[PDB]
Amino acid sequence: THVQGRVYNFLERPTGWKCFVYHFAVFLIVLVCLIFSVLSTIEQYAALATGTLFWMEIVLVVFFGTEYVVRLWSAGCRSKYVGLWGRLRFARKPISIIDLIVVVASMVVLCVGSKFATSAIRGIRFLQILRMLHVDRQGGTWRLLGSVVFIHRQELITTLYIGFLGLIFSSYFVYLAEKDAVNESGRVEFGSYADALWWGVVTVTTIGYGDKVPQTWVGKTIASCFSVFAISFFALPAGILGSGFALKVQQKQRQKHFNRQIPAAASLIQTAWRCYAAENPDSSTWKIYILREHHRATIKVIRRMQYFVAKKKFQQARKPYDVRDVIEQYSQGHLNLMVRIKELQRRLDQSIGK
Amino acid sequence: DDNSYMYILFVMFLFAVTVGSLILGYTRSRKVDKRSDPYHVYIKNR
Amino acid sequence: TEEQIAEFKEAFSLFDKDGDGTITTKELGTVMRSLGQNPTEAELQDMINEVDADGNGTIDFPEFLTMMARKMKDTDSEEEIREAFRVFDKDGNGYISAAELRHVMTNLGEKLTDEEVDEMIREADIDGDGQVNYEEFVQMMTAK
Amino acid sequence: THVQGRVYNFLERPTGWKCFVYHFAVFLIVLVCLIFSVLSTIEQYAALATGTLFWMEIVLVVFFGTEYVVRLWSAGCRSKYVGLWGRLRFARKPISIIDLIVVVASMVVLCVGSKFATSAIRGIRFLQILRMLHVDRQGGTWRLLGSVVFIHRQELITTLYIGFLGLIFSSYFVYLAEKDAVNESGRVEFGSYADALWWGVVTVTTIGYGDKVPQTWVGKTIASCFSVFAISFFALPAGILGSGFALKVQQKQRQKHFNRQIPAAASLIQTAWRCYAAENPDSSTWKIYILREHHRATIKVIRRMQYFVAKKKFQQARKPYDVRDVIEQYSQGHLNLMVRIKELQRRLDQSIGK
Amino acid sequence: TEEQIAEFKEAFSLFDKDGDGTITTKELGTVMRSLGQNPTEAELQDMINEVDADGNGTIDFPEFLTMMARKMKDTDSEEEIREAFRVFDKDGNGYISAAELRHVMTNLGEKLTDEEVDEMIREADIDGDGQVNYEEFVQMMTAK
Amino acid sequence: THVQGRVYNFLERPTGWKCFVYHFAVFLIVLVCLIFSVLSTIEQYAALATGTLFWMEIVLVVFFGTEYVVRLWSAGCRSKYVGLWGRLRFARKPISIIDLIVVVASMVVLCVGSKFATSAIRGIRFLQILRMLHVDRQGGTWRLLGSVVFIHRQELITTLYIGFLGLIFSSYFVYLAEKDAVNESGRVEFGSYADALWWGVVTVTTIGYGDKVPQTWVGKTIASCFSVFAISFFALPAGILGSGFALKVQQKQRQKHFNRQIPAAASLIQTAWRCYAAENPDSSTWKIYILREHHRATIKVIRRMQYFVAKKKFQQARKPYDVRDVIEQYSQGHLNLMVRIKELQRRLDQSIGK
Amino acid sequence: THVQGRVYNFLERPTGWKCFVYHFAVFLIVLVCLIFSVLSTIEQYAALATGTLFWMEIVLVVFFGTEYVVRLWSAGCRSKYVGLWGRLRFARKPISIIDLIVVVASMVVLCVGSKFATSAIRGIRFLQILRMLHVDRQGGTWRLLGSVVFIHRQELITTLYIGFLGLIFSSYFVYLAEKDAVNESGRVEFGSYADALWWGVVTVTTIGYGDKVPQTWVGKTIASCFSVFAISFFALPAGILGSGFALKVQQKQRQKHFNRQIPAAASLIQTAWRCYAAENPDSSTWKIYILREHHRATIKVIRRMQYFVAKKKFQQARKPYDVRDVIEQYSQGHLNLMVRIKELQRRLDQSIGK
Amino acid sequence: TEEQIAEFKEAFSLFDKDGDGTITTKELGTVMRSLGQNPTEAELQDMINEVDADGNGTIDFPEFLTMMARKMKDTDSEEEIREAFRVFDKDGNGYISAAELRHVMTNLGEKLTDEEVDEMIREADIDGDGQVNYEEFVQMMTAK
Amino acid sequence: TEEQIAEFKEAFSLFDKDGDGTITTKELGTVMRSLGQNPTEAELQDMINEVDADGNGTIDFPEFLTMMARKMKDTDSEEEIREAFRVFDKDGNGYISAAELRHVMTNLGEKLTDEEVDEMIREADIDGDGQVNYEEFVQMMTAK
């Protein structure tokens, strides 16, 4: 039970320096296998593909089958992954599906390729490329990207919609203006709509290979008319996402630090339990104050309102500092202070008279 | 390579301007926000 | 339905105490002082600004019957409690200790009565060396 | 009356999943018609243009004439579009003009092209491209772009003005330096000002096709002198608009939520009506307080000042939270509290003496 | 023109009450208490900081005659009221109910008198099952 | 005196619609002259250069000499441009120097070119290009750019310094690796350091004409090693300036509006005059309070401190709202309120006893 | 001792105009030597490499050996660089290592090249390029870059990881789709994985030389599929770093000015010394208040808590203004004011009765 | 120099009134009340936090002699007054009216005495129909 | 270890004064007034919100023993003092004057007693014309 939690914390959620050495050494071994599998595509080093590409791949798939069995066994220290359905929910998370696909595909390819031999080598090269995708444990790269893409989603649909719309319109206009123009080599330059559409995609993202350049000045006029406007709309996602990342980094340096949410979180639990304690009339929750059948009907209401206030204050204690925090605490402080000055006035009158 | 030298000069000139402003970022970096103005040092001498 | 909302109308009439149809902050403060709670004015204001939707500062009867109708068994209200337990979860595995939970419930936030914590513990699965799985303990109070 | 509002809410301002299925299925059908109309430009698939391009276009224009008639009839549940002039104002909004142009142009082309046949097919292809422009109901894409372009308009005129000015100057300088240079193929590279201007537009937006490269080193010196400065000025609109979109998304997460503007908005109406109630002397608005001809002259002044204050507070209740909100409420709170401490002092003196 | 601004000078002299030429917050508070309104000090300050342009805190006579001269029939002042009605517009079609408007006017914000709401309703087109088109009701109070 | 101010306000600092029509019509006439002067570079339209390029240029230089004389005369309604030295200071501001250079250069060219004729036409074309530079009256475009370049100057020297440094180093490395490689056409590709430096400037700003591509894999390795790092450093000025423009636009929507600085500005004048009134002992400034030779020595000190406080408050009343405004007014309010509660306590004790 | 500090302040940490003239003149001399060393690579100016490249290099290395000896001697006015180990710590900072490498490499090359002669000239050219790297004294350029790269490090690992991952995957896919396609010249276009990887690196950073363009439409489909997504991920570091620089410039204009941290910093010293004064029982620190063996045990606790509070307030006095500053001072002010109103109430009751 | 700073030492000793060597806010408030000015506590604090540089809250003698030594003839202090006049400049030409300046100086900000404004006007060039060039009027009070 | 934490338990019991197990702000204020310090309520609150980690506002015994256990010889706590001396370092060379340090310690911040400053100076290397190297003076109080 203790050793299961320790090898879970070693394989997933890494910490320390030894665990850095483990994960980075495994990545470095699989990338050296990638390089020695890739260098055989060059005509000089084609003799390296026969020996080390089989009897190292089988050792690497034994190592990545064993690590998957150990990790899937060791994921039982968590509460949510316990029993058969817990292991089945651990096995359907995406990077576990990626690792399972990699190990079963390497088993299939090493079973087929042992008895054609070129498609075996091609499958081995694609699996060596794919096997680096599960080095990112916890999905901390993809989740950080997905959050910023989701927050800025409307302004990122807007520019892509206007950019693709301009792309369709002007690829058709440049096809209309250049469908009979002849290159200096003699070939017809734009011969179809897919041809002008390849031109448009090469142009709007500012690659410009120069294999397809419009020849007549009507085509050059339309091409500049489209280029000047649409290059900004295909460059806007980099600007939107980059400024979103930088504003998020600036936001996370102002932050309600951790102890601030400790008495709030407990205050969410007790009140919630008190609501659950309200429906049993013979509980010990009716013994705080020290006869019934209408006091209980208002204690249930007061406890539900206290639960809602506690949930609101727990949600506020996790956000960074903001202007509504200042406005809220000044409203509370001025309200309490005005009530106390009213109290002092209410006592000073009728303590004297007038 | 008739007027080739011009191009070399044109890059180095621009780099000179950059480094020129860089040194002007150091020598005219006054850092006014102290309790020691030069006039205030002269008054503290008196 | 109707015999439920008649009882909610009776509970509203316990707070109203006149023919105004609204619950002010004073009409709630008098009830909470008759129970013996002594609320602050800002607490009485925070309990009403969570409930009303017109923004005027009092509670009407559809606003009162709205909060009493919806069940705590939700998606937001379950996940907030499931996250509130994770603050007090050493090692993050989804299990908390019995003595740690008894120390947290009786000291931090609202001091919960020790006789109430003795009731709180035995409802949850305590066997296994003092550890308790709090996700079943969230299923107990949200789904019911 | 109820069914008219329901089919208005179905055709315009969509919500639900059934209405998603409707709008996305109509878009998907018109894009499949676009693809099968576009693939006939390729020489292999040129036999597909004869059959399905007429007897599917006539069905699609019947469907988009019927939907336009139903939508224009059903726009009468709104208050502003009632009667003849209401329908005429619904028919002059821009996407309705786009849809009317599409349906009447398809009727014209299918009347002409039924009795030359290539220009008919060309008009059909252009209408199939144009018909995707009215899928964006409500104009939510174009209005979001137009707002951010309008707010940043001075800084977006500045960079475009300096960029085009540098473009004109250096296109003329590169034309002066390269007008007699001969390409390796033997042709004169820059033969006119339009030629050097096409060079400048290809260069400053970082496409660089490489069909026109200056040959002599004076031209290369001027070309680099211009390229290094002006590429930043043609890349600045993407940076300005992207940072504007990201700052707007950050701004909309701090927001005065909805109930805050409910007692303000009603307070704008009553006071305004009270101003309108002031000019009739026999109204019941003079019966709040409980003899005349000079009290009325000051009640009109007090009611106009209350109207101005209510309009200011309704305008403040719609903006997001800001620093002047904190400053305004602290000024009001400290003013009221200082007045009450002054009151307590004014009573404590002369309740005792000294 | 001149017989108008003489009457506005008389109305200014009702607020001034001395030879100062300025309306302070006390000289406005005494008038509003003689009418029986009991304003707060912050309300008296907000009513003056909307009017003056010199920023000193009192109201001169050209500042007083400026706000009394311009008509409410404008572009901003019409659109703000047209937007203020849209908060209370269920389904957004441009029609509000009679009973809903009577409930809103007598509860939210400034409690408008029921005798005044009875006058407010019958000026507008009420026929058609209780619905009322509020855009004509904005044209009634802004253009007139 | 009145007409001089009105024609000054018409020629410089424009407002209205008539003045828009004036300035935009003058710009449109000079740009039509630019287009008809530029189209003669094309071989087809070379016959247009003889007639209309002289007898329209002389009319346009008469019109821009007359407008300069009228504007320089009419700049005397301002206080700072009065007399001979005032006109000489009006004539040395930059756009007036530009306009004077344009009119005297057109006079010189039309005197020389009336009696070679190609260099006359070339000078006319360059003056037609230059004459659009003084359409921007007030310099509102260049000053807005100059402010944002000056504020972000250290971070804009940083990236340019690192980018040019990487450019020098890797242009030399690619020259070392590719100085003997032979193109497929047969020519030596990189033959000098200027050659590799043209390659580097074409590469780092992502133009990539493709006239000069390194051939050997050492050169391609160094080229990618340099490209991947240095393209971001040459793209950073667009990002820095664009985010600076967008943050400035966001900043100018929170702003202390105009009346806030009216009682502050007057309070800067009076106190300053009071300091100047302190040195004359027989002034009427010593008659506010109602015997000397040491009260005067402390009144001078109190007046100088009041001047410094008034200057500080005038500088604060022009900046936008910020967090230190909230902190400053809370410090002042809590200080005054604590003093008044101390006063109430000091009176309640010793009004009673104990 | 005084002259040592003055020549240290002259050579490092420059100020004034004379010191600008010194540093900029030394930079200008070494860049003129760079240009006259670089122009010999051109075939026309190859006769300049023999004379001035030796007998100016030896003078320049004498000048940069002398300046290094003077600076390393003069770095003893600082406290941390005193004695042998102080000079050894001054000699291991990075720009001093750069200057030492430059002077010893020029000595080695001028010793070898005086007796082959081309590699001597090549080493001289590389040292002339390297010698401009130590003009940036204090490292103010590299530290400003390093700070912004370190703060935004997670979001700058994210985009580079996803970009290189997409680069590997799609370079392999385009190699698979184009490995048998033949160019119009007749050559096999993509012959290895390094070939397709050079294609991928040229494409994703939007250079696009056009020497390698995929030929078959499967390759063009994969190329566009990859280009459209991955160009934004290779353009995001410019956006992230540029918006980070602009947010830092906006942040440094709100700032707790210098005098605010003067009584805090002294309050960090005294309390710290008081903690060190606690352990000696016969100090004079026990004589503030005016018998022992348990008062000392609580004075040590109170002094350690005062030290922690003073360290917290010194850390707060160096950060710019923020929202938690407003929240902290309102909490302190409302707490003190509520305590004083409680005091007034506690005295008013029992001064009267009831 | 020394006979100047001896007089500044005497003026400092008029504020000090003991052997402390510092000017507190109370020692300045007593002088301003002996002159009959009645300052607020926040005004007394703002007058000291502009002067001191140690940040402790009192004024030492080099801090006192520093502000008395530097002349108002500067670049910042001239341009701030030249900009402060431009708020009250209709049409922006650099000339303000005599009656407008007399109305501004006696109403806005610190109410300047009318006997002082009569002295203020005649020092400046008033001839030319009531217009006055304020840039010479800034040269008069900053350079002298 | 145990004979240390028994003494820390005794020192905690000097603050507790009952069987509560917590140190409130009143139980600390009474000790500081018995020593004769007169703390403000905000100072008593700032001294406790630096120590506790549960956020409830009092100090438990592991929280009390945690701050008494760790040594000031650290990396952050040394560098903050090394930076705090650099504010009072004219010319930035790493040496401060004796008379300047005596003037700073007895005036700014907490007024340190002159008898204590006489002890403070002679511990540090004062020879060399009044200059003192403060980095050894930071090594003296942090490493010991």
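Which chain is which? They are A, B, C, D, E, F, G, H and I, in the order written, and residues in each are numbered from 1.
Quick note on the criterion: a residue touches a chain if its C-beta (ideal position, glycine included) is under 8 Å from a C-beta of that chain, and two chains touch if they have at least 3 such contacts.
Molecules present, by chain and UniProt name: C, E, H, I = Calmodulin-1.
Trainee: Is the C-beta contact count larger for B-D or for B-G?
Mentor: B-G
Trainee: Assuming a repeat means more than half of the contact pairs shared by residue number, which candidate in C-D, A-I or F-H repeats D-E?
Mentor: F-H
Trainee: Return the distance between the CA-based centres of chain B and chain F, expressed in whole Å.
Mentor: 21
Trainee: Roughly how many whole angstrom separate the Cα centroids of chain A and chain D?
Mentor: Computed value for the inter-centroid distance: 30 Å.
Trainee: For chain C (Calmodulin-1) and chain H (Calmodulin-1), what's the span in angstrom between their mean Cα positions?
Mentor: Distance between chain centres, rounded to whole Å: 62 Å.
Trainee: Distance from the CA centroid of chain B to that of chain I (Calmodulin-1), rounded to the nearest Å?
Mentor: 44
Trainee: Counting only residues that touch at least two other chains, what does the list for chain A look like?
Mentor: Residues 194, 206-210, 235, 237-239, 242-243, 246-247, 261-263, 322-323, 326, 330-331, 336-337, 341, 344, 348.
Trainee: List, in ascending order, every residue of chain H (Calmodulin-1) touching at least 2 other chains.
Mentor: In chain H (Calmodulin-1), 53-56, 108-109 touch at least two other chains.
Trainee: Provide the list of chain B residues touching at least two other chains, using ranges where the numbers run on.
Mentor: In chain B, 1, 4-5, 7-8, 11, 14-15, 19, 22, 25, 35 touch at least two other chains.
Trainee: Note which residues of chain D are touching chain G in the complex, please.
Mentor: It comes out as residues 206, 208-210, 239, 242-243, 246, 326.
Trainee: Could you pull out which chain G residues touch chain H (Calmodulin-1) in their complex?
Mentor: So the residues of chain G in touch with chain H (Calmodulin-1) come to 259-263.
Trainee: Any idea which chain D residues touch chain F in the complex?
Mentor: It comes out as residues 151-152, 154-155, 157-159, 161-162, 165, 168-169, 172, 175-176, 184, 191-194, 203, 206-210, 213, 217, 220, 224, 227-228, 231-232, 235-240, 242-244, 247, 251, 322-324, 326-327, 330-331, 334, 337-338, 341, 344-345, 348-349, 352, 354.
Trainee: Quick one: which bits of chain B touch chain H (Calmodulin-1) in the complex? Just the residue numbers, please.
Mentor: 35, 37, 39-40, 43-44, 46
Trainee: Can you name the residues of chain I (Calmodulin-1) that touch chain H (Calmodulin-1) in the complex?
Mentor: 107-109
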